[PDB]
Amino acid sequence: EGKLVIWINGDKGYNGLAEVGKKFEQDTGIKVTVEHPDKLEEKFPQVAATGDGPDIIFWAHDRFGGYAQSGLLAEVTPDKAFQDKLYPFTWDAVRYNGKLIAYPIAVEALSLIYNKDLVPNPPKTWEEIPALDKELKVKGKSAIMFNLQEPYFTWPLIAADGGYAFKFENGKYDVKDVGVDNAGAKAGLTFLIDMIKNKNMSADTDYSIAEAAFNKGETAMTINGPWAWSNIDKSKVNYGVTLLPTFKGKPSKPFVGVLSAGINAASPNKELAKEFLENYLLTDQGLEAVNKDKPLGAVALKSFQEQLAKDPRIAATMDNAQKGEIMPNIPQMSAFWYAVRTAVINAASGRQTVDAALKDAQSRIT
């Protein structure tokens, strides 16, 4: 304790790393010792399992999932401001079981390195290298030499025509796994129906009726999104924006929508549309103009969002958003919405029980 021991491979810049450690000690008094043991990536699980080893281990990320599965790595805790400083795909490489288990440093790939004076135009194909070697051999030279003891160096050739390690299956929505008629869905809709039966709400309330009632001070609360705030600003009501109420102790989970602008495939103006959206709308000034009319909520444009993030209404918007879920964009989403609309309206009006309404919606969607 009171020290840092670092392990890094002997082909990396460990002397330069030790100079970073010297600056660390000069500022903090904490000694940093950089070592480069052989087989460090095999020794680490052996010594960390006994509670020994280095404080920090450097390796390519392919070793780290095995370490994390064995409980040998601490979860790292960079805040969002620090995570923003590194490329997102590098954080992905060090994420295991949903947790960040290392700090990414550098991105490595093999390349062809060539002597400009022996091969001014290096070969573009592997197949032409034997002919080049024959000409170099009469000069006492060879075309190419690389490490054949480590599979890292031969893998690019093995993969070229179709070799691979493990196949990756992309994330996907299971369009047959729908949760509209499970017990939790029924419990929430039953509560809504119970409020209607108890005359706390009326089944015929729509957007206009609820907005007028809230903005005239006739009801204490409403549920709406950022576009509604402008009309409340103009009203007499002093309003706050906060977390949706919990149900059975669990957060309400609103669907998160990304307002998006698509370009019609039939448009003869695709270049103009790109210019307008990229260079006029998606600017601080462009979004401010729309936002001043009806608030957008949080915006996708980082520079303008940092100016909105302070507003408690935006903070509440993002707190509810985090408790909820981003909507799928799959084609089946419209079928989902049409079916759920019918279920809620039928249950709220008494044309169906909650169970029969949601069962029918589930059948329609799947």
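Numbering starts at 1 and runs along the sequence shown.
- Compared with other deposited structures of the same protein, residue 188 does not meet the criterion of being unmodelled in at least one third, since all of those that resolve residues on both sides include it.
- The records show that residue 171 is omitted from the coordinate set of at least a third of the other eligible entries of this protein.
- Mean CA B-factor, 78-86 versus 199-207: the higher value falls on 78-86.
- Judged by mean Cα B factor in the deposited record, 96-104 ranks above the other of 96-104 and 144-152.
- Taking the PDB entry at face value, the top CA B factor among 170, 215, 260, 224 belongs to 170.
- Looking only at 109, 244, 113, 175, the residue with the top Cα B factor in the deposited structure is 175.
- Ranked within its chain, residue 250 lands in the highest third, by CA B factor from the PDB record.
- Sort the chain's modelled residues by C-alpha temperature factor and residue 91 lands in the highest third, per the entry.
- When the modelled residues of the chain are ordered by C-alpha B-factor, residue 292 sits in the highest third.
- In the deposited entry, the Cα temperature factor of residue 361 places it in the lowest third of its chain's modelled residues.
- For residue 127, the recorded CA B-factor ranks within the middle third of the chain. Only modelled residues enter the ranking.
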